Structures are given as C-alpha cells and as structure tokens.
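Alright, two takes on the same chain below, each alone as structure tokens: structure 1 and structure 2.
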Structure 1
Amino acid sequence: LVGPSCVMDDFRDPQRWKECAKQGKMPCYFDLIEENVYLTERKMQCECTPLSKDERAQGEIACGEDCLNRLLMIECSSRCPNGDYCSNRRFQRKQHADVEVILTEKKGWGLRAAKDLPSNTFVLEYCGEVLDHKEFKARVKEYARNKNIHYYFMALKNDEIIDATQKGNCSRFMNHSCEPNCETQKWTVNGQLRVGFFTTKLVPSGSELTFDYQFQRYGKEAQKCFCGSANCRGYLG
C-alpha cells in the first residue's frame, strides 16, 4: 500500500466511514447496498447427481464445471438437487472474493486482491440503481452538469443500465486496464439478469483488479488512461 487501504466491512459503519473520509483514509460516502435497486419497478433444475454425505466429506464439488445451469449462466435455486451444497449460487450467497479498497496514484480509489484469486473465479457483483432509458438520459445530463470525474454506469440489458454513482457496493471502485485481469459476466438469478466481475487469470495477492471499461462518455477532451500496460491504448474513450 503506497496509499491507504480498507476492507469491505469498513463500509458497514457509516459514522466511522464519514470520519475516515474526512482524514482521506476511505473514499467519499455513497449508499452501500446489497442488491440492485430498480429506480422504476419492472412489470428449473440442472442434471447434477446429488452428492452423498461421503462425497461431500471427500471434497467433491456440487454443481461444478459440467452443471447445465452453470453453462447456461443461470444460478441454481434453493430447489437444486444438491441443496445447501450447490456451488452455483454465488451471487445469491454473496460468495465474493477477499478484496480491499486502495488509493491508486492517478485513477482514484481501486480494488486489490487481498489474497491470491484463482483464475475464472467470482469477485463481486456490480450492484447499483437500475435505470431505464429515460432515467439514464437524465442522469447522464446531471452528472455532466455536476462535472463528476468518475463514471459508474454499466449496461445490463435493454432498458436497464446500472448506475452505482449514488448507491452501490465496493465494485464501483473497479478501474479500467488495457490489459485487464477481470471481466464482467451476466448471470440470471430467479429470472432476473445480474452482472458480476470474474477473474480471467490468477490474480496474486496485492494486485489491483481491473477490467475493460468501455462506457461511452461525452467530454471536451478524451479521458487519458493511466493503466500503465505496455499495450495501453492511451484513452478510456
């Protein structure tokens, strides 16, 4: 840590956070949420064989790589034949990676791995206010008017854009790299689409977590990229 760092639980205490933010030891306040909030409310089984007690004890994985739901990018429900053992309920169970929020040299705050993160594993859900096209139009205008530095929008599906500017979780801090170590994936949980960050390589402990952030934004000048990669393209857009 060339700058200060904090752990995800530090964001649960809003009085101590606002006091840490005063000292520059934590990022500016936002409303911490556990699940997406719709600004305007909107109007089955895999074939995995139930693991036995012995297989469970023996260390076998329930609803692993071959799970049909997993391949469909659908999380299992409580009715999964593997029930409580099911490893394919990661969003629902908040089975997030061990990550810290850190102050970077030039990009603001960021996320780093607090221990080694295996390749192709779940990091964090990207939570926020879900906007329709009209709300999105309005927020784009407001954030431009207010001269906000950072963007926190992520497209989810037609007529659904997540905005983590005001409400979100620590995933809002993920920075862009031209040579990233994470990607987004859109998963269906009880018929509703959600989006999360997943590693694309083994991320060693202490490394910043990054993705390809390609959200379009108007600006008098383009936004220069500070990712530091050999192949850095120079700009976020």
Structure 2
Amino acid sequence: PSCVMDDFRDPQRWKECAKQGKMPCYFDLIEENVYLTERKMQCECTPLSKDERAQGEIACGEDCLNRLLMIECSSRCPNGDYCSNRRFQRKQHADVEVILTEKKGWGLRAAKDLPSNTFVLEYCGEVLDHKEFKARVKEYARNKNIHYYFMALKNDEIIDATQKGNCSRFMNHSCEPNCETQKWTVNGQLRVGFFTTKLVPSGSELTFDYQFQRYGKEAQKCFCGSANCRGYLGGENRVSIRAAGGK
C-alpha cells in the first residue's frame, strides 16, 4: 500500500482510506509551524535579465549570499518571482510517496530520481517550549504511543509533529541514511527541512539519521537493515527528559 501526497488534502476521503488500511492514520495537515506560545534583508545577486531567464539561468543559485548561509529570500528579492531560494516558502517539495513498511510503520519513498542535495520536505509541527514538551512527553507515554515525532529546533523549541504536521513526519531512521536535516532561516525564523545527501534512485525509501536522544526506559530496536546498524534507536545510552529536550 502506498499513497500520493495529494491524497492527504481531502480529510473525509483520507479518513475513509485510513479505515481500509490504505493510508496512515489521520493527523492535522499544516503548511507551516504553529507555535503553542508565540515568541519574541536582501541578497546581493544581480537580477537576471529576461533573456537570461529564457536561457535557463538560475536566479539565486549556488552563489547567492542568502542560500550560502541557509537563509531563504523574501518577496523583495532582487530576482523577484524567479528566485529559486524560496523553496520552503513556495512548498517546492520533492516528488515523494507515503508507503507502508514491513515493521517500521509508514515511511517515505522517492517517486522520481532525486539529485543530491535536493530539498525533500519541511519538518512542520507544533513548536513547544520545555514546559509544553514535558506535558506532551507525559501525554504520549500515558497514551502508550509507539511512534515519536519530536524534533529539536533550538534550545527551547521542539517541533512536535504527533498531532499536526505534514508528510515529513513519516521519514524513518536509518543508520546509513540518504537524507539529512538542514536548519534554514525563513523570515527571521528557524525551520528544519530534509535534504538528500546523495542521488536517491526512484522507488528508494527516504531516511535520515535521527541521532535519537532516548529518554524512555525501553529502546526501540532498529530495522534499518544497514550493515553498520546500531541495533537501537538512540544507541546505547538513555538520557534524561531534560537533556533530550535541550536542557
């Protein structure tokens, strides 16, 4: 069983497919991070001419000062509509599908060949402080959740995609991954996206290295199948809730 990302846009249909086991369980699909508690300029690229745009030139490509510092351009970019450095904002995701794996739950796979360093998806969710994180830690332990969706954003910001998020919440762990997180600044605000680290052939599952900080007493066995698999999500050591949440 597999599904395409447009299938998640219809809640009534999704929920009906979920009862037939053809789609993952329902969650609230959101377009950007939602803060439970709200918290407290231009590159120097020379504008492409109309002809350069027609010739296939890239606006705000590898040499863009914002891109080099992992900062996205705004609407006021000198390249205007042609700016290729607004991928998070324009939702310029990779072509991926959500698939059911043998024993990791649902997962993500490339629907086309993905070049190296290709933006996959933004890891969206609810952003929590340490206080809200501890409450969610307790709720999810109480509910006996199997999957966890906490992603450290910065010291007192944890992205939680358990209840709200997008299809990035399905990316599974591998000890030999083909994606990575990148922290990108969008409107002075930090975001986390997934990017391929290599050429990912069509049909391959997309994975990244969780660097999981396990606070739970029980370690989840790792089914990544890598020759160098660490055996468990989080490795050997259990850390405290405070340490896992960014101290």
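Residues that one form lacks are left out of the comparison. Residue numbering: structure 1 sequence, from 1. Rigid core (definition): largest C-alpha set, two forms, superposition within 1.5 Å.
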Candidates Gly24, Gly228, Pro14, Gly219 - which moves between structure 1 and structure 2, C-alpha at least 2 Å, core fixed: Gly219
Angstrom shift of the Cα atom of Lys141 between structure 1 and structure 2 (superposition on rigid core): 1.1
Rigid core fit between structure 1 and structure 2: Cα deviation of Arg112 in angstrom: 0.3
Superposed on the rigid core, segments between structure 1 and structure 2 of at least 3 residues with Cα shifts of 2 Å or more: 214 to 221
